[PDB]
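Novice: My questions all concern the structure below.
Derivation of every value follows stated rules applied to the coordinates shown; laboratory data play no part. Cβ placement follows ideal geometry from the backbone for every residue including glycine, while neighbour counts extend to all protein chains displayed.
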Amino acid sequence: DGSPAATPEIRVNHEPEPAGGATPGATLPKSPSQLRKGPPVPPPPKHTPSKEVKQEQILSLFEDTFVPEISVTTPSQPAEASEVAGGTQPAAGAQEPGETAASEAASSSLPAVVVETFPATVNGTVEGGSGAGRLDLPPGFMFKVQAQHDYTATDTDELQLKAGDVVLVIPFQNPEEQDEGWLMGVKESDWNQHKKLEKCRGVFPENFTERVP
């Protein structure tokens, strides 16, 4: 008959908000031993003495022969006999024979023996390498030495040696930088790097090495 109407409404809205952060950590660096050194190696008093003595001598020879040995002989002796008798005397007895004999012999030989000997040689192994050494020698250098033991040296300027290695004795940058019983030398291989030997310099125990004349 008479009645209005209506229709209400509604709504809703929103928006979240994220975030973030950081997660720091920590470190614990250490310091390595630079320019490390060790105690010297004192050599023995006596090991084994030696020497060398050579000599010689000359001699002569000689010989000779002469004056032969000859000699002949010719024996001889006749004979004879006779009789007379005067009848009234019969015979019976008679002479007696004799006859002899003899013998001989001989022998000999002559062996032999052979003996030979054949030599033999061979050479020609090297074939490659592929490398190149220095051109000029290191200044101040003294002489070459030879290791007698294998001492692993791991430092910021150490010199590794192997039982039977070659090292050249060179004058370090200073004696104060040298250790007691150790000197500044360079390996033969380093020699090839003479171009930068100053960067190949190292130290090594002389007592643990031997000098090469």
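Novice: With r as the distance between the Cβ atoms of residue 94 and residue 72 and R0 = 35 Å, compute the FRET efficiency 1/(1 + (r/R0)^6) and round to 0.05.
Specialist: According to the calculation, E is roughly 0.35.
Novice: For an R0 of 25 angstrom, estimate the FRET efficiency from the Cβ-Cβ distance between residue 148 and residue 192 and round to the nearest 0.05.
Specialist: After rounding to 0.05, the efficiency reads 0.60.
Novice: Once you've got the GNM for the chain with C-alpha springs shorter than 10 Å, pick whichever of 141, 172, 66 has the biggest mean-square fluctuation.
Specialist: Result: 66 has the largest fluctuation of those listed.
Novice: Please turn the phi angles of the range 119-127 into ³J(HN,Hα) values with the Karplus equation 6.51 cos²θ - 1.76 cosθ + 1.60 (θ = phi - 60°), one per residue in order, whole Hz, x for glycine and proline.
Specialist: x, 4, 9, 5, 7, x, 10, 2, 4
Novice: So if I place +1 on the C-beta of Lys and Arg and -1 on the C-beta of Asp and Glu, and nothing else carries charge, what would the dipole magnitude of the chain be about its Cα centre? I want it in debye, nearest 20.
Specialist: 1520 debye
Novice: So if we plug the beta-carbon distance of residue 83 and residue 105 into 1/(1 + (r/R0)^6) with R0 = 45 Å, what FRET efficiency do we get, rounded to 0.05?
Specialist: 0.45
Novice: I would also like to ask the following. Going down the table (162/195; 46/196; 37/196; 54/162), which pairs top 28 Å between alpha carbons? Intermediate values should be presented prior to the final figure.
Specialist: Working: 162/195 23 Å; 46/196 40 Å; 37/196 23 Å; 54/162 35 Å.
Violating the 28 Å limit, Cα to Cα: 46/196; 54/162.
Novice: If amide hydrogens are placed 1.01 Å from N in the peptide plane, which non-local residues have theirs closer than 5 Å to the one on residue 160?
Specialist: 153
Novice: Using modelled backbone amide H atoms (1.01 Å from N, in-plane), which distant-in-sequence or interchain residues come within less than 5 Å of residue 166's amide H?
Specialist: For residue 166, the qualifying residues are 147, 188.
Novice: So who's got an amide H within less than 5 Å of the one on residue 183, skipping anything under 5 residues away but keeping other chains? H placed 1.01 Å off N, in plane.
Specialist: Sorted by chain and number, the residues that satisfy this are 204, 206.
Novice: Which value at 222 nm does the chain reach when only helices count, each DSSP H run of 4 or more adding -39,500 (n - 2.57), with the total divided by all residues and rounded to the nearest 500 deg cm²/dmol? Let's see the in-between values first.
Specialist: Working: 1 runs with 5 residues, N = 213.
Dividing the helical sum by the residues of the chain leaves -500 deg cm²/dmol.
Novice: For every other residue with a beta carbon closer than 12 angstrom to the beta carbon of residue 43, add +1 if it is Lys or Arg and -1 if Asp or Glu, then tell me the sum.
Specialist: Taking every other residue near residue 43 into account, the sum is -1.
Novice: Please list 3J(HN,Hα) in residue order for the range 66-76, calculated via the Karplus relation 6.51 cos²θ - 1.76 cosθ + 1.60 where θ = phi - 60°; whole Hz, with x for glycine and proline.
Specialist: Values per residue, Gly and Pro as x: 4, 6, x, 10, 10, 4, 10, 8, 9, x, 5 Hz.
Novice: From the square roots a ≥ b ≥ c of the eigenvalues of the alpha-carbon gyration tensor of the range 30-129, which class results: rounded (a/c under 1.5), prolate (a/b over b/c), or oblate?
Specialist: On the way: a/c = 4.65, a/b = 4.19, b/c = 1.11.
Cα axes put the range 30-129 in the prolate bin.
Novice: Which ³J(HN,Hα) values, rounded to whole Hz and listed in residue order, are derived for the range 23-30 from phi using the Karplus coefficients 6.51, -1.76 and 1.60 in 6.51 cos²θ - 1.76 cosθ + 1.60 with θ = phi - 60°, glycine and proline given as x?
Specialist: Result, rounded to whole Hz: 10, x, x, 7, 10, 8, x, 10.
Novice: Which of the listed residues, 16, 75, 128, is farthest toward the dipole's positive end in the chain, when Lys, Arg count +1 and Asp, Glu count -1 at the beta-carbon?
Specialist: So the residue furthest toward the plus end is 16.
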